[PDB]
Asks: 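Dropping the structure in here first, questions after.
Below, each value reflects all heavy atoms present in this structure, side chains not excepted, and no hydrogens, waters or symmetry copies. Each residue takes its place number in the sequence, starting with 1.
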Amino acid sequence: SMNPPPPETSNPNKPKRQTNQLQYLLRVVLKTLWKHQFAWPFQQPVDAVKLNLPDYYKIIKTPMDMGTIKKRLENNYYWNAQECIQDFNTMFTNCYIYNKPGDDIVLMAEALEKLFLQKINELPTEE
Ligand SMILES: COc1ccc(CCc2nc3cc(-c4c(C)noc4C)ccc3n2CCN2CCOCC2)cc1
C-alpha cells in the first residue's frame with residue numbers, strides 16, 4: 001500500500017532547449033492551472049497512504065501531477081511540447097479512472113481540464 005518514488009524531474013542524459021511552445025506551457029498553461037482554487041490536490045503526487053487509498057497504485061501505473069510537470073518545465077526535462085501535454089492528459093485521466101462521476105475531485109479535475117483546453121487552444125506554433 002506504500003507510495004512509489006515520485007516521477008523523475010531532472011534528466012542528466014538529455015539535451016535542453018527553450019522553445020516558444022515550452023515557454024507558453026510554463027508561463028500560461030501551468031501557471032494558470034497552478035493558481036486555480038482547485039489546484040492543491042494536483043500540486044504533488046497522490047499520497048495514497050495519507051489519503052487512505054491502498055489500491056491507488058494497483059490501479060494507476062502512470063501517476064502524474066502538476067508539481068512534477070512544473071519541475072519538469074523549470075528543469076527543461078521536456079524537449080517536445082507534446083511530452084508536457086501528454087503529462088497533463090495523464091494526470092486528468094488517472095483521476096477519472098480512480099474516482100467516480102459525481103465525486104468532488106472529478107468535478108474539480110473536469111474544471112481544470114476545461115481551463116487547460118482553453119489555454120492549449122492558443123499554444124504557439126512549432127519552430
Ligand atoms: C491526509 O492526507 C492528505 C494528503 C494530501 C492532501 C493534499 C490535498 C488533497 N490531495 C488530494 C488528492 C485527491 C485525489 C486525486 C488527485 N486523485 O484521486 C484522489 C482521491 C483527492 C483529494 C485530495 N486532497 C484533499 C483531501 N481532503 C482535504 C484535505 O484533507 C484530506 C481530505 C491533504 C491531506
Asks: Would you indicate whether the side-chain heavy atoms of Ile105 and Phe42 approach each other to under 4.5 Å?
Replies: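 They are in side-chain contact.
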
Asks: Determine whether a donor-acceptor pair (N or O, by modelled atom type, separation under 3.5 Å) exists between the side chain of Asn11 and the backbone of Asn13.
Replies: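 Side chain of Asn11 to backbone of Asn13: a pair is present.
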
Asks: Do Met108 and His36 make a side-chain contact, defined as non-hydrogen atoms from C-beta onward lying under 4.5 Å apart?
Replies: no

Asks: Given 3.5 Å as the limit, does a donor-acceptor pair link the side chain of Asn121 with the main chain of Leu117, or not?
Replies: no

Asks: Kindly compute the distance separating SG (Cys95) from CG (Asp103), expressed to the nearest 0.5 Å.
Replies: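 The SG atom of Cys95 sits 8.5 Å away from the CG atom of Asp103.
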
Asks: Among all residues two or more places apart in sequence or in another chain, which pass the side-chain hydrogen bond (donor to acceptor under 3.5 Å, both in side chains) test with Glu113?
Replies: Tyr96

Asks: Checking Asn89 now: which residues fulfil side-chain hydrogen bond (donor to acceptor under 3.5 Å, both in side chains) with it, not counting sequence neighbours?
Replies: none

Asks: By side-chain hydrogen bond (donor to acceptor under 3.5 Å, both in side chains), which residues pair with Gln118, not counting sequence neighbours?
Replies: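 With sequence neighbours excluded, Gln118 shows a side-chain hydrogen bond (donor to acceptor under 3.5 Å, both in side chains) to no residue whatsoever.
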
Asks: List, one per line, each side-chain donor-acceptor pair under 3.5 Å for residues 22-32, sequence neighbours excluded.
Replies:
from, atom 1, to, atom 2, distance (Å)
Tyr24, OH, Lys119, O, 2.5
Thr32, OG1, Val28, O, 2.7

Asks: Please list every donor-acceptor pair under 3.5 Å in which a side-chain atom of residues 43-62 meets a protein atom from a residue at least two apart or in another chain.
Replies:
from, atom 1, to, atom 2, distance (Å)
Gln43, NE2, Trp34, O, 3.1
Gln44, NE2, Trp40, O, 2.8
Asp47, OD1, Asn3, ND2, 2.9
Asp47, OD1, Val49, N, 3.2
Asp47, OD1, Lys50, N, 2.9
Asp55, OD1, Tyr98, OH, 2.7
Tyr57, OH, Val46, O, 2.7
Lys61, NZ, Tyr57, O, 2.9

Asks: Just to verify, what does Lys114 make a side-chain hydrogen bond (donor to acceptor under 3.5 Å, both in side chains) with, not counting sequence neighbours?
Replies: none

Asks: Between the main-chain N or O of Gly67 and the side-chain N or O of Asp65, is there a donor-acceptor pair closer than 3.5 Å?
Replies: yes

Asks: By the ring pair (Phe, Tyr, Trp, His ring centres under 6.0 Å) test, which pairs, at least two apart or in different chains, include something from residues 106-127?
Replies: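 Found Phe88-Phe116, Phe92-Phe116.
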
Asks: Stepwise, does the side chain to side chain donor-acceptor pair (under 3.5 Å) test hold for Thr90 with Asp87?
Replies: CA-CA 5 Å; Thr90 295; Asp87 278 346; 5.1 Å; no

Asks: Among residues two or more places apart or on two chains, list those pairs meeting salt bridge (charged side-chain N to carboxylate O under 4.0 Å, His left out) that have a residue in residues 13-25.
Replies: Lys14-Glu83

